[PDB]
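All remarks here apply to the structure that follows.
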Amino acid sequence: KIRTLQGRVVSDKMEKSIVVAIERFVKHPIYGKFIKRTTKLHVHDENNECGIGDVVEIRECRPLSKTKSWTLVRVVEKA
Amino acid sequence: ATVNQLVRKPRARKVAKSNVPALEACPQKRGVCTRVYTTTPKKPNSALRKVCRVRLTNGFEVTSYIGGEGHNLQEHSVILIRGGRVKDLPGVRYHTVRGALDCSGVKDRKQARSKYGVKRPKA
Amino acid sequence: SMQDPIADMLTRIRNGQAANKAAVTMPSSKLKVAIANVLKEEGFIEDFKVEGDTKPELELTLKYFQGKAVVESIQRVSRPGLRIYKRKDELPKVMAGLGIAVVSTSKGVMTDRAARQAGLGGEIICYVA
RNA sequence: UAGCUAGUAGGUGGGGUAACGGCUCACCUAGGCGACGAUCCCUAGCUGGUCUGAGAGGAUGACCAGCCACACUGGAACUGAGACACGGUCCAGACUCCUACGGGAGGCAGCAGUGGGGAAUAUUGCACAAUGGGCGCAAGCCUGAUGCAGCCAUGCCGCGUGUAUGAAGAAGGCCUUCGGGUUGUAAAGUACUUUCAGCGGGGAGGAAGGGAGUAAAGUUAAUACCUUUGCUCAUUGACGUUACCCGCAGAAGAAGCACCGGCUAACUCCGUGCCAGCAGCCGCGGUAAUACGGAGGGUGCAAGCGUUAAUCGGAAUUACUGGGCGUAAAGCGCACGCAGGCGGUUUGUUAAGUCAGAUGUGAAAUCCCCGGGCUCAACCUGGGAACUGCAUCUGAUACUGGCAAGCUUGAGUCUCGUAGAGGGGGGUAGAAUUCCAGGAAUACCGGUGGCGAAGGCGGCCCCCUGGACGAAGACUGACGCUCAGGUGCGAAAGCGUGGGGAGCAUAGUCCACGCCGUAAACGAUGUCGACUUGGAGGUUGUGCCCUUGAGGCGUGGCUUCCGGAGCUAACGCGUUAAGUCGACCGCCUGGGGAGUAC
Ligand SMILES: [Mg+2]
């Protein structure tokens with residue numbers, strides 16, 4: 001339990017590894033406008049139990065691989 | 001403008017350039033006296049002025065006005081530059097340090113001494 | 001309106017403040033009842049009657065005291081896409097506080113005194129003067 | 001600079017580090033990142049804060065403080081708690097140095113210095129006395145970190161270079177219209193005081209420790225030793241012939257610098273006459289220069305003053321708070337649209353957006369407010385506030401946002417008619433017109449008409465197709481508006497390949513298949529939506545009304561013509577906007593060089 005960062009799945013062409021974007025609002029720092037900004041971070045998961053297009057809950061973990069330091073906890077959305 | 005036209009590219013500047021290119025971030029550079037030329041100003045003026053092209057030490061060569069009231073220049077020695085362009089002569093964007101290395105003062109001014117090589121007269 | 005119901009209302013009212021008509025009327029959402037139930041109470045206009053049930057719509061009565069008209073300089077500020085969510089200890093006092101500042105609070109729209117009494121600000125709706 | 005990447009991206013494995021690890025080696029998988037700007041070349045050390053700005057914002061990273069990076073230039077490691085190691089080793093070179101020629105030594109991006117490039121930046125200083133460090137059982141050693149002193153107006157804040165009185169308004173200087181005036185109470189001469197410097201003599205604090213003794217309830221042989229507490233003497237500063245206080249002379253040592261036409265506070269004369277010269281812009285000089293040169297007098301500032309260089313400010317002159325585009329630089333020639341930005345209307349609901357409440361945390365030092373200390377001030381300083389921040393719990397449901405459910409006006413399909421140079425093909429064919437046959441294309445209607453997204457498009461009939469419009473009904477329930485790239489349609493000519501040859505420019509013009517995208521492709525007026533005084537004409541409908549009619553009142557749509565308020569620098573716009581607004585896109589930031597160089 002951190003914030004249980006909600007996100008999506010962008011692509012799975014990898015072996016037990018997925019790609020998650022995260023919706024995120026912000027004040028633009030000088031103009032005062034809300035730009036919907038998204039990030040992109042690799043997430044470890046073993047079962048392939050989430051498909052390309054779901055909605056995913058994520059916490060951190062030990063840094064397993066290169067470029068990937070987040071384990072799946074559970075899924076709240078089918079494809 | 002629209003807010004989503006300043007977002008995707010910022011307000012760019014209105015860029016300002018230098019017009020004393022004998023900076024190299026410095027105020028005074030040394031020069032070794034190419035010649036002395038005596039060219040003429042434009043239409044509202046007359047009475048041809050005293051200029052010298054100057055071999056710098058950064059690598060450049062440029063011209064400079066030799067103001068005062070008469071000068072003293074044999075032309076294979078040292079001067080010192082000041083900036084602050086003459087309006088009249090096309091190409092002279094400098095001055096000379098009136099009273100410096102090898103370019104001595106003017107012959108007895110008595111008002112506004114310090115901007116020329118004139119010191120306290122006798123007292 | 002097409003793309004703000006409250007901005008395009010605020011063109012419709014003060015055009016009545018430039019020819020001095022008696023009654024003005026705009027197609028009226030349930031937010032729009034909660035707009036002019038502030039302008040009446042602070043005294044800027046006088047009376048309003050909602051009518052219609054498939055086109056719920058208002059009958060606002062204007063207020064011009066003279067050739068001078070009472071609602072002087074009303075301005076919407078938070079326009080959609082430029083939300084300015086004011087923290088309450090920044091609050092816009094309108095014309096050195098002499099007007100009122102319609103702020104979309106939690107507890108309603110009626111906002112002069114959210115500065116001290118209610119105690120929570122939000123999105124500005126429009127300055128009023 | 002739009003593509004980049006194979007140990008690259010991922011997974012079993014071994015192997016590997018203090019640790020997770022593609023950190024490495026075999027094997028499988030074929031990925032990974034990228035318009036929310038990857039690789040690329042150029043440039044740069046980053047923050048607390050300094051400068052400026054009322055603020056936002058703008059340039060900066062020297063000093064003191066945080067954190068990395070580097071030790072002549074490339075490498076690899078050894079030891080070690082910690083290094084890939086500034087005053088350690090090895091491998092090379094490179095310079096550099098030294099040699100009996102065989103060989104060895106070298107590293108100031110330590111403080112102080114030389115060469116040199118430089119506009120220019122300093123001493124081959126003193127002490128371990130302070131506070132910190134290292135090694136130690138301490139004593140003490142050591143410390144070019146620190147504590148101090150010389151150097152230089154580089155900057156800041158003081159401070160003096162005298163104050164009274166005094167005219168005959170003096171000789172004197174220039175002005176002088178020869179009446180005088182001004183410098184000027186200025187000086188002189190009378191009064192008066194010595195700050196600071198000169199010179200003389202005493203004279204705080206930065207010093208606590210340490211070492212020596214001597215006492216205590218210490219724990220042990222109860223008094224040995226040692227550890228702790230209190231007492232006693234001697235003490236211990238580089239700075240430093242110190243700060244500060246006191247003594248005596250004698251106005252005695254102590255005033256420059258720019259400007260004086262306008263902006264911009266202060267003016268008159270000699271000299272020179274478009275020559276010598278000034279200058280920040282405006283400009284002055286060609287016989288009377290308040291501007292050049294000189295002299296009296298004036299101004300502002302002051303132990304400095306000017307000039308140059310450098311950043312912000314004035315600049316609303318890159319504008320978010322704070323701009324504009326019909327003619328002043330500026331609306332792509334025009335269309336659908338992808339990713340982007342933006343929501344009619346009602347209920348439910350979640351709590352991300354945001355508001356509220358605290359709890360963390362934002363290093364101290366600067367900035368800021370009350371308060372202390374240097375004889376004041378700079379400066380040193382106690383506490384506060386502020387650091388506008390980010391992350392978490394609790395709360396709030398009005399707006400907004402995702403999920404769920406709806407309703408009719410945004411939009412959209414159907415019916416039904418209406419008007420029309422919207423096109424494409426097919427042939428047709430004269431009110432007209434040269435040669436011995438046919439190339440052309442409208443006379444008329446033809447216009448302020450009328451079509452279409454624009455360039456545009458006019459004979460006639462049919463053929464496949466395009467859009468709009470009106471009268472009603474019907475149902476869909478936000479399904480939309482906008483656009484960077486993107487892809488189409490693209491006036492002339494030119495050119496390509498395949499022919500022709502009159503009206504008449506000798507190909508080409510003309511059809512045609514391909515390039516070419518060009519222009520006053522100029523409503524020199526993006527698009528959609530909603531609102532606000534109007535008046536007269538255009539044209540397409542169609543409801544009511546004795547239609548009793550060519551006709552009225554409406555009521556649709558687009559296009560003219562003059563005009564209110566409002567607006568615009570005017571000129572002007574003005575219900576088809578440029579007027580009051582909202583969402584979104586294109587574009588401009590002085591002229592020339594230039595739509596040019598690569
Ligand atoms: Mg002492």
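Starting from 1 in every chain, residues are counted up; chains themselves are A, B, ... following the order of the structure tokens, and ligands are numbered from 1 as listed.
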
Protein and nucleic acid residues within 10 Å of ligand 1 (only C-alpha atoms (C1' of nucleotides) and all ligand atoms) as a PDB file with N, CA and C atoms (P, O5', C5', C4', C3', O3' and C1' of nucleotides), in the first residue's frame:
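Once written, pocket-v1.pdb looks like this:
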```
ATOM      1  P     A D 204      44.491  47.025  31.262  1.00  0.00           P
ATOM      2  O5'   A D 204      43.039  46.755  30.659  1.00  0.00           O
ATOM      3  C5'   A D 204      42.254  45.649  31.083  1.00  0.00           C
ATOM      4  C4'   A D 204      40.810  45.814  30.678  1.00  0.00           C
ATOM      5  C3'   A D 204      40.144  44.574  30.100  1.00  0.00           C
ATOM      6  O3'   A D 204      39.570  43.770  31.110  1.00  0.00           O
ATOM      7  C1'   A D 204      39.784  46.418  28.663  1.00  0.00           C
ATOM      8  P     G D 205      39.989  42.233  31.267  1.00  0.00           P
ATOM      9  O5'   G D 205      39.300  41.528  30.022  1.00  0.00           O
ATOM     10  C5'   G D 205      37.897  41.587  29.831  1.00  0.00           C
ATOM     11  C4'   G D 205      37.556  41.315  28.393  1.00  0.00           C
ATOM     12  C3'   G D 205      38.157  40.048  27.808  1.00  0.00           C
ATOM     13  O3'   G D 205      37.438  38.875  28.123  1.00  0.00           O
ATOM     14  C1'   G D 205      38.563  41.839  26.345  1.00  0.00           C
ATOM     15  P     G D 206      38.212  37.472  28.181  1.00  0.00           P
ATOM     16  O5'   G D 206      38.413  37.084  26.652  1.00  0.00           O
ATOM     17  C5'   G D 206      37.296  36.769  25.840  1.00  0.00           C
ATOM     18  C4'   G D 206      37.650  36.722  24.376  1.00  0.00           C
ATOM     19  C3'   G D 206      38.734  35.747  23.957  1.00  0.00           C
ATOM     20  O3'   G D 206      38.249  34.419  23.860  1.00  0.00           O
ATOM     21  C1'   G D 206      39.024  37.823  22.848  1.00  0.00           C
ATOM     22  P     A D 207      39.172  33.181  24.287  1.00  0.00           P
ATOM     23  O5'   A D 207      39.605  33.520  25.774  1.00  0.00           O
ATOM     24  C5'   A D 207      38.682  33.388  26.847  1.00  0.00           C
ATOM     25  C4'   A D 207      39.311  32.708  28.038  1.00  0.00           C
ATOM     26  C3'   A D 207      39.581  33.602  29.240  1.00  0.00           C
ATOM     27  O3'   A D 207      39.419  32.848  30.437  1.00  0.00           O
ATOM     28  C1'   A D 207      41.631  32.730  28.417  1.00  0.00           C
ATOM     29  P     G D 237      52.185  33.681  26.380  1.00  0.00           P
ATOM     30  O5'   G D 237      50.820  34.475  26.213  1.00  0.00           O
ATOM     31  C5'   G D 237      50.771  35.652  25.431  1.00  0.00           C
ATOM     32  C4'   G D 237      50.291  35.335  24.048  1.00  0.00           C
ATOM     33  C3'   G D 237      50.348  36.464  23.041  1.00  0.00           C
ATOM     34  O3'   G D 237      51.642  36.546  22.468  1.00  0.00           O
ATOM     35  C1'   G D 237      48.278  35.300  22.893  1.00  0.00           C
TER      36        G D 237
END
```

Tell me, as a PyMOL selection string, which residues lie within 12 Å of range 17-29 of chain B, counting only C-alpha atoms (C1' of nucleotides); anything in the same chain fewer than 5 positions away does not count.
(chain B and resi 54-64+78-85+91-97+100-101) or (chain D and resi 118-120+307-310)

So that I can check the surroundings of residue 5 in chain A, please list as a VMD selection string every protein, DNA and RNA residue that reaches within 10 Å of it, counting only C-alpha atoms (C1' of nucleotides) and ignoring chain neighbours fewer than 3 positions away.
chain A and resid 1 to 2 22 to 23 56 to 60

Helix (DSSP H, G or I) residues, from DSSP on the backbone, in chain B, as a PyMOL selection string:
chain B and resi 3-6

Write the residues of the preceding selection, restricted to N, CA, C and O atoms, as an mmCIF file, in the first residue's frame.
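Contents of result_8.cif, as written:
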```cif
data_model
loop_
_atom_site.group_PDB
_atom_site.id
_atom_site.type_symbol
_atom_site.label_atom_id
_atom_site.label_comp_id
_atom_site.auth_asym_id
_atom_site.auth_seq_id
_atom_site.Cartn_x
_atom_site.Cartn_y
_atom_site.Cartn_z
ATOM 1 N N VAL B 3 -4.326 30.056 -25.053
ATOM 2 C CA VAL B 3 -3.473 29.442 -24.045
ATOM 3 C C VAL B 3 -2.782 28.200 -24.590
ATOM 4 O O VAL B 3 -1.620 27.944 -24.267
ATOM 5 N N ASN B 4 -3.441 27.444 -25.463
ATOM 6 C CA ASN B 4 -2.861 26.248 -26.051
ATOM 7 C C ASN B 4 -2.073 26.536 -27.315
ATOM 8 O O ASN B 4 -1.896 25.642 -28.149
ATOM 9 N N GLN B 5 -1.622 27.773 -27.484
ATOM 10 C CA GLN B 5 -0.602 28.110 -28.454
ATOM 11 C C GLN B 5 0.684 28.542 -27.778
ATOM 12 O O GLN B 5 1.753 28.437 -28.383
ATOM 13 N N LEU B 6 0.600 29.009 -26.536
ATOM 14 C CA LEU B 6 1.756 29.275 -25.701
ATOM 15 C C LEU B 6 2.202 28.037 -24.936
ATOM 16 O O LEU B 6 3.293 28.045 -24.352
#
```

Within 10 Å of chain D: each chain C residue with its shortest pair, only C-alpha atoms (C1' of nucleotides), as JSON lines:
```
{"residue": "C:1", "atom": "CA", "partner": "D:530", "partner_atom": "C1'", "distance": 5.8}
{"residue": "C:2", "atom": "CA", "partner": "D:529", "partner_atom": "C1'", "distance": 5.4}
{"residue": "C:3", "atom": "CA", "partner": "D:343", "partner_atom": "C1'", "distance": 5.7}
{"residue": "C:4", "atom": "CA", "partner": "D:582", "partner_atom": "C1'", "distance": 6.5}
{"residue": "C:5", "atom": "CA", "partner": "D:344", "partner_atom": "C1'", "distance": 9.0}
{"residue": "C:6", "atom": "CA", "partner": "D:582", "partner_atom": "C1'", "distance": 9.5}
{"residue": "C:7", "atom": "CA", "partner": "D:582", "partner_atom": "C1'", "distance": 6.4}
{"residue": "C:8", "atom": "CA", "partner": "D:530", "partner_atom": "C1'", "distance": 6.1}
{"residue": "C:9", "atom": "CA", "partner": "D:531", "partner_atom": "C1'", "distance": 8.3}
{"residue": "C:10", "atom": "CA", "partner": "D:581", "partner_atom": "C1'", "distance": 8.2}
{"residue": "C:11", "atom": "CA", "partner": "D:531", "partner_atom": "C1'", "distance": 5.9}
{"residue": "C:12", "atom": "CA", "partner": "D:531", "partner_atom": "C1'", "distance": 5.1}
{"residue": "C:13", "atom": "CA", "partner": "D:531", "partner_atom": "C1'", "distance": 8.7}
{"residue": "C:14", "atom": "CA", "partner": "D:580", "partner_atom": "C1'", "distance": 8.3}
{"residue": "C:15", "atom": "CA", "partner": "D:532", "partner_atom": "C1'", "distance": 5.7}
{"residue": "C:16", "atom": "CA", "partner": "D:532", "partner_atom": "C1'", "distance": 7.9}
{"residue": "C:17", "atom": "CA", "partner": "D:532", "partner_atom": "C1'", "distance": 9.9}
{"residue": "C:18", "atom": "CA", "partner": "D:565", "partner_atom": "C1'", "distance": 7.8}
{"residue": "C:19", "atom": "CA", "partner": "D:533", "partner_atom": "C1'", "distance": 7.9}
{"residue": "C:26", "atom": "CA", "partner": "D:531", "partner_atom": "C1'", "distance": 10.0}
{"residue": "C:27", "atom": "CA", "partner": "D:409", "partner_atom": "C1'", "distance": 9.6}
{"residue": "C:29", "atom": "CA", "partner": "D:345", "partner_atom": "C1'", "distance": 7.7}
{"residue": "C:30", "atom": "CA", "partner": "D:346", "partner_atom": "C1'", "distance": 9.1}
{"residue": "C:31", "atom": "CA", "partner": "D:398", "partner_atom": "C1'", "distance": 9.2}
{"residue": "C:34", "atom": "CA", "partner": "D:398", "partner_atom": "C1'", "distance": 9.8}
{"residue": "C:54", "atom": "CA", "partner": "D:408", "partner_atom": "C1'", "distance": 7.5}
{"residue": "C:55", "atom": "CA", "partner": "D:409", "partner_atom": "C1'", "distance": 8.2}
{"residue": "C:76", "atom": "CA", "partner": "D:581", "partner_atom": "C1'", "distance": 9.9}
{"residue": "C:79", "atom": "CA", "partner": "D:582", "partner_atom": "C1'", "distance": 7.6}
{"residue": "C:80", "atom": "CA", "partner": "D:342", "partner_atom": "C1'", "distance": 8.0}
{"residue": "C:81", "atom": "CA", "partner": "D:342", "partner_atom": "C1'", "distance": 7.5}
{"residue": "C:83", "atom": "CA", "partner": "D:400", "partner_atom": "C1'", "distance": 9.1}
{"residue": "C:84", "atom": "CA", "partner": "D:354", "partner_atom": "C1'", "distance": 9.3}
{"residue": "C:85", "atom": "CA", "partner": "D:354", "partner_atom": "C1'", "distance": 6.1}
{"residue": "C:86", "atom": "CA", "partner": "D:355", "partner_atom": "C1'", "distance": 8.3}
{"residue": "C:87", "atom": "CA", "partner": "D:355", "partner_atom": "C1'", "distance": 6.9}
{"residue": "C:88", "atom": "CA", "partner": "D:355", "partner_atom": "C1'", "distance": 8.0}
{"residue": "C:103", "atom": "CA", "partner": "D:399", "partner_atom": "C1'", "distance": 9.5}
{"residue": "C:104", "atom": "CA", "partner": "D:398", "partner_atom": "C1'", "distance": 5.9}
{"residue": "C:105", "atom": "CA", "partner": "D:398", "partner_atom": "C1'", "distance": 5.7}
{"residue": "C:106", "atom": "CA", "partner": "D:398", "partner_atom": "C1'", "distance": 4.5}
{"residue": "C:107", "atom": "CA", "partner": "D:398", "partner_atom": "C1'", "distance": 6.3}
{"residue": "C:108", "atom": "CA", "partner": "D:398", "partner_atom": "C1'", "distance": 5.2}
{"residue": "C:109", "atom": "CA", "partner": "D:398", "partner_atom": "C1'", "distance": 6.8}
{"residue": "C:119", "atom": "CA", "partner": "D:356", "partner_atom": "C1'", "distance": 7.9}
{"residue": "C:120", "atom": "CA", "partner": "D:355", "partner_atom": "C1'", "distance": 5.6}
{"residue": "C:121", "atom": "CA", "partner": "D:355", "partner_atom": "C1'", "distance": 5.6}
{"residue": "C:122", "atom": "CA", "partner": "D:355", "partner_atom": "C1'", "distance": 5.3}
{"residue": "C:123", "atom": "CA", "partner": "D:399", "partner_atom": "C1'", "distance": 6.9}
{"residue": "C:124", "atom": "CA", "partner": "D:399", "partner_atom": "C1'", "distance": 9.3}
{"residue": "C:125", "atom": "CA", "partner": "D:399", "partner_atom": "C1'", "distance": 8.7}
```

Within 10 Å of residue 1 in chain B, counting only C-alpha atoms (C1' of nucleotides), which residues show up once you throw out same-chain ones fewer than 6 positions away? Write them as an NGL selection string, please.
:D and (319 or 323-324)
